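Next comes just one chain, in structure tokens: the form deposited without uridine-5'-monophosphate (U5P).
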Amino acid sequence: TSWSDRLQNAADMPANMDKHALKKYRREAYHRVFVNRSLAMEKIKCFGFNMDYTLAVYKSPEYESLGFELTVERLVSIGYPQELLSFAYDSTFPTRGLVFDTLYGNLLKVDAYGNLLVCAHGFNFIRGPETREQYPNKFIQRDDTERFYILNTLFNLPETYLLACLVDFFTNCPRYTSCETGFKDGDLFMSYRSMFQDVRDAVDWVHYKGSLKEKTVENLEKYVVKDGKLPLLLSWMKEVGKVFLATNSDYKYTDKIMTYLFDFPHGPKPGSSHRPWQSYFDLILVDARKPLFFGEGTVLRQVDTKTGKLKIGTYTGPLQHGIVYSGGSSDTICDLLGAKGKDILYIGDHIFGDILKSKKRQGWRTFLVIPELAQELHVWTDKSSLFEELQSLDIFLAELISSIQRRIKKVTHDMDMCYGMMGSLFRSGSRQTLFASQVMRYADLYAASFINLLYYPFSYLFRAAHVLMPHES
């Protein structure tokens, strides 16, 4: 049971319009919207969306496995060994938000301060004392972006596992010699950095020149969650405000995906005429190039929606019915919708490119979709006994000799393994991950899906407790 099984299960249910039914459906943790900073929904005047993994939630593990298979086949195509074709995607290994150390070829799970929580070389999990040889302070410099790459997105899940697969394969294949910073093959030396770049280039290629999009759109039921409540919720948003789309994807792909998402024999509610997906948006913008979008952006272009090509030249005209934009900047949206930043609730899945950047650069209000939360919540509530025991051990030790520390490490591991080999997205034991810290800092609201907004009235006041400093308590 993957997180997308949970979402597609909730998606299959009819949308009860009764006001008591929505407020009661809101009880389950799975249907809740979580609040890091208070937000008065009545002040929101524009609802903004990205598409991928927000409106178009790709089914797991089928879509990761497709991306993994095409990336492997691209690497074999450029000259990697045929043994790569015997890899098979394993959804139990990767957790999102890991850091690949391109110097030593390690996947690292770190906290907000660069402290090491988990270190794996290939499929070998390196224990505390052994990591100190490569990480003397059990710490990485996050600003060393040439060395460390943060695997922020769900699109990065196939390459997260692929990187570990490759390190494992070259380590144990007799043809190659293992060195500290790569692998030697006779007169050829492949550094982990160059291998990582090949992987990155191949993932990009699969998405932009390969067949991933084509294979997705030829079997949309297999790869994309479809929910009749999505048109309903978007129609409610457009009744109280303006609605816009700003996606990094191109128009031809967006049109195919969005058409599928809205292909029901009715409009927002059963019995209503079907409307085209574009009619749900006051402003549609593709090729957004986020996060650069939230700074200078790019030249504003207009899409010829008949051919799917860009019209030649910079678009200098006004917002018109049926126009589709390409490129531009976040200021394009604000000017054309007559919005200020805090009037906008932007719903995205990219913690860095959508949420952090719109918050810091423009002061937009933010809603982070976290697809895996649909299943991490289930693990969290089911295995809560282990966390409560861990909390007790931390408290008992905080007042105590060392037989407790071995029990702390033991329960930490058992808790983490319920999530997978790389543990929870949000923590390792009692230590929070970098990802959790960035969710708390930059996502005003968050949920497994933005559809959970259906269960709250549009006057709702999302409330978070005020923060106090230690000396103020």
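The first residue of the sequence shown is number 1, and the count goes up from there.
- Where coordinates are absent for parts of the deposited sequence, a chain break appears; between neighbours residue 400 and residue 401 it spans 10 or more residues.
- For the pair 101 to 109 and 307 to 315, the mean B factor over Cα atoms is greater in 307 to 315.
- On average the C-alpha atoms of 403 to 411 have higher B-factors than those of the other stretch, with 403 to 411 and 37 to 45 being the two compared.
- Of all the options 206, 373, 395, 232, the entry's greatest CA B-factor is assigned to 395.
- Highest CA B-factor among 178, 124, 329, 160, as stated in the entry: 178.
- The entry lists a Cα temperature factor for residue 84 that places it in the middle third of the chain's modelled residues.
- Ranked by Cα temperature factor within the chain, residue 350 sits in the lowest third according to the deposited record.
- When all modelled residues of the chain are sorted by CA temperature factor, residue 453 is found within the lowest third.
- Among all modelled residues in its chain, residue 136 ranks in the highest third by Cα B-factor.
- Among the modelled residues of the chain, residue 416 sits in the highest third by CA temperature factor in this PDB entry.
Beyond what is shown, the protein has a form solved in complex with uridine-5'-monophosphate (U5P); the following relates to that form.
- The site on this chain is open, since uridine-5'-monophosphate (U5P), superimposed from its pose in the entry with it bound on the surrounding C-alphas, has no atom within 2.4 angstroms of any backbone or C-beta atom.
- Among residues of the shown chain, residue 51 is one whose heavy atoms approach uridine-5'-monophosphate (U5P) to within 4.5 Å in the entry with it bound.
- Remark: residue 266 does not count among the residues lining uridine-5'-monophosphate (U5P) in the entry with it bound, judged by a heavy atom distance of 4.5 Å or less.
- Put simply, residue 349 is close to uridine-5'-monophosphate (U5P) in the entry with it bound: some heavy atom of it is within 4.5 Å.
- Looking at residue 366, you'd find every heavy atom of it more than 4.5 angstroms from uridine-5'-monophosphate (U5P) in the entry with it bound.
- Although uridine-5'-monophosphate (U5P) is omitted here, in the entry with it bound none of 102, 185 and 189 has a heavy atom within 4.5 Å of it.
- Residues with any non-hydrogen atom within 4.5 angstroms of uridine-5'-monophosphate (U5P) in the entry with it bound fall in just one of 271 to 279, 195 to 203, 324 to 332, 160 to 168: 195 to 203.
- When uridine-5'-monophosphate (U5P) is considered in the entry with it bound, only one residue from 302, 362, 248, 235 comes within 4.5 Å through any heavy atom, namely 248.
- Scanning 290, 96, 242, 256 against uridine-5'-monophosphate (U5P) in the entry with it bound with a 4.5 Å heavy atom cut-off leaves one residue, 290.
- Annotation for 202 to 229: interface residues with uridine-5'-monophosphate (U5P) in the entry with it bound are 203, 204, 207, 208, 213 [heavy atom within 4.5 Å].
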